[PDB]
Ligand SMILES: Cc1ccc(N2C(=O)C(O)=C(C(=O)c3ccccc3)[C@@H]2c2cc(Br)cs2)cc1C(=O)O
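Form deposited without the named molecule, single chain, as structure tokens, below.
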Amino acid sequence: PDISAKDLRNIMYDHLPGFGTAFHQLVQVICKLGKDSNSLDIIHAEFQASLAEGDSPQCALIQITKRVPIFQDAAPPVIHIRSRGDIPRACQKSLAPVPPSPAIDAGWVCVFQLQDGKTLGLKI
């Protein structure tokens, strides 16, 4: 790819406010699935265009989830953690009960699964 997953992640991070936000996590999800589906260059191009159009970087990421085929009805990744405390502070107000068939394109970034089995969905 013209761009690596790490470099794309860093370009997206360059534009995002704060640290450990729902959108940082979304960047990670996007770069993972994009690397796996060989979509890194299309993702990069779409991100660039969205920024040029005047979109917020957050909106650009969302639009990526809506336009890039790998994200269509794609299940959010499950992230195993010890306790809710392992969830970044800036994500703590973005947690919600997990529905039966969550989809990334619908704003379900990931699902945090606690050791005790309880789940929390990261929602935008």
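Throughout, we count residues from 1 along the sequence that is shown.
Below, we refer to the form solved in complex with the named molecule, which is not included among the displayed structures.
Placing the named molecule onto this chain by superimposing the site C-alphas, using its pose in the deposited bound form, gives no ligand atom within 2.4 angstroms of backbone or C-beta atoms, which makes the site open.
In the deposited bound form, every residue of the candidate spot (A5, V29 and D86) has a heavy atom lying within 4.5 Å of the named molecule.
Of the listed positions (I79, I42, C59, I70), a single one reaches within 4.5 angstroms of the named molecule by any non-hydrogen atom in the deposited bound form, namely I79.
With a 4.5 Å cutoff on heavy atoms, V98 does not count as touching the named molecule in the deposited bound form; it lies far away.
Interface membership of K66, defined by any non-hydrogen atom within 4.5 Å of the named molecule in the deposited bound form, is ruled out.
Contact check for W108: no non-hydrogen atom falls within 4.5 Å of the named molecule in the deposited bound form.
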